[PDB]
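What follows is the residue order along each chain.
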Amino acid sequence: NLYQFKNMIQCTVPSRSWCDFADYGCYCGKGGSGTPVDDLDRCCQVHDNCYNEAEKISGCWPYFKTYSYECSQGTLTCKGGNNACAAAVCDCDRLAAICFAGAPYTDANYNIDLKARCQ
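This section reports on the structure supplied with the text. (Residues numbered from 1 in each chain as written, not as in the entry; some residues may be left out. Heavy atoms only, no water.)

Scanning the entire structure with this criterion turns up seven aromatic pairs. Seen in terms of ring centroids, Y24 and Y105 are 4.8 Å apart; in terms of plane orientation they differ by 45°. Their pairing is tilted. A residue pair is termed long-range when its members are at least 10 positions apart, and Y24 in the loop between α1 (2-12) and α2 (39-54) and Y105 in the loop between α3 (84-102) and α4 (114-117) qualify at 81 residues. Assigned by exposure class, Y24 and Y105 land together as buried. Aromatic side chains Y63 and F64 sit 6.4 Å apart centroid to centroid with 40° between the ring planes, which places their arrangement in the tilted category. Judged by its relative accessible area of 34%, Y63 falls in the partly exposed class. The class for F64 is exposed, based on a relative accessible area of 63%. A network of ring pairs unites the aromatic residues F5, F21, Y24, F100 and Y105 as a single cluster. The ring centre of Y105 lies 3.8 Å from the NZ or CZ of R16, which sits over that ring. (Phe/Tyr/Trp six-rings, centres within 6.5 Å; stacked < 30°, edge-to-face > 60°. Helix = DSSP H or I, 4+ residues; strand = E, 2+ residues; numbered from the N terminus. Buried < 20%, exposed > 50% of the residue type's maximum accessible area, 1.4 Å probe, protein only. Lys NZ or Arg CZ within 6 Å of the ring centre and 35° of its normal.)

The structure is reproduced here in structure tokens:
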């Protein structure tokens, strides 16, 4: 669920407030449309596409699905016991939090005009 994804970001990018990733580019912090603006926005495009794919599983709602995962000593682990939906959504979130860690953050891309730039 999103609360869990917020915590994953806090796990991999503790130098940034989680909120920096909540409204960035065309894809970070919504469903997403148009052309990703940079590397970090591409993390988010893949994250969003990953959620769209997980939505094909019956009863699977990525924003709301509570999975089982661990954050400790700089490492994210999606745990055994996750059903197909949980395991899919957890992996979406885990792969995204890692991507965020290695991607540059450009302040100009925070809170851009989605209607004009993301068509």
